[PDB]
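In what follows, a structure is listed as C-alpha cells, so that the remarks can point back to it.
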Ligand SMILES: *C(=O)c1cc(C)cc(C=O)c1OP(=O)(O)O
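In full-length UniProt numbering, the protein residues as written are 145 to 250.
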C-alpha cells in the first residue's frame, strides 16, 4: 500500500511538487513520490538538490512499474516494491542528484 506511505503525495502536480521542495529549510535529498501528470501507471520521484551553481533546485525521475512486478528508474536496477526502491535510493545516489534523505515537509 503506497498511499499509506508518508512520502507518497499521490495526485499532485509537478508545479506543486517543486513548490513544496523549494523551501530553504529543505536539505539535499528531500523527496516525495507522486503520480506522473502524463504517464499512466508511472510514478514520479521529485528530489531537492542544492549547489553554489544552481542553488536550491528540483529533479524528477520516472519510476516505472512492470506488469511483471518490478519497479525501477533504470531497467538494470529493479525492485519488488516501491518501498524497496525508496529504501535502496536512500543509501545509493547512483545516477540521482542525491541519495533520498528526508521526506518532504507539507
Ligand atoms: C515524473 O513522472 C517525472 C520525471 C521526469 C524526469 C520529469 C518530469 C517533469 O518534470 C516528471 O513529472 P511528470 O509530472 O510525470 O511530467
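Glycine residues also receive a C-beta, built at the ideal position from the N, C-alpha and C atoms.
What does the alpha-carbon distance come out to for the pair residue i and residue j?
| i | j | result |
| --- | --- | --- |
| residue 186 | residue 177 | 10 Å |
| residue 210 | residue 170 | 32 Å |
| residue 164 | residue 213 | 30 Å |
| residue 179 | residue 223 | 18 Å |
| residue 203 | residue 145 | 25 Å |
| residue 192 | residue 226 | 19 Å |
| residue 240 | residue 155 | 22 Å |
| residue 200 | residue 194 | 4 Å |
| residue 208 | residue 231 | 16 Å |
| residue 228 | residue 249 | 21 Å |
| residue 189 | residue 197 | 23 Å |
| residue 153 | residue 238 | 24 Å |
If I'm right that residue i touches residue j with Cβ under 8 Å, what's the distance once you round it to whole angstroms?
| i | j | result |
| --- | --- | --- |
| residue 173 | residue 242 | 4 Å |
| residue 183 | residue 206 | 7 Å |
Between which residues of its own chain and residue i is the CB-CB distance below 8 Å, once the five residues before and five after are set aside?
| i | result |
| --- | --- |
| residue 245 | 171, 172, 173, 174, 175 and 234 |
| residue 166 | 192, 200, 201 and 202 |
Does the CB of residue i have a neighbour CB from chain D at under 9 Å?
| i | result |
| --- | --- |
| residue 244 | Reference to chain D is not applicable here, since this structure consists of a single protein chain. |
Please work out which residues of its chain come closer than 6 Å, Cβ to Cβ, to residue i, disregarding the five sequence neighbours upstream and downstream, and give them in chain order.
| i | result |
| --- | --- |
| residue 150 | 247 |
Please confirm if the stretch 159-168 is in contact with the stretch 211-226, defined as three or more CB-CB distances below 8 Å between the two stretches. As far as the Cβ criterion goes, the stretch 159-168 does not touch the stretch 211-226, which means the pair count is below three.
What are the start and end residues of each continuous beta strand (DSSP E) run of 3 or more residues lying completely inside the stretch 177-209, in chain order? 187-195 and 199-209, all fully within the stretch 177-209.
Alpha helix (DSSP H) segments (min. 4 residues) lying fully within the stretch 211-244: Fully enclosed alpha helix (DSSP H) runs of 4 or longer: 226-233.
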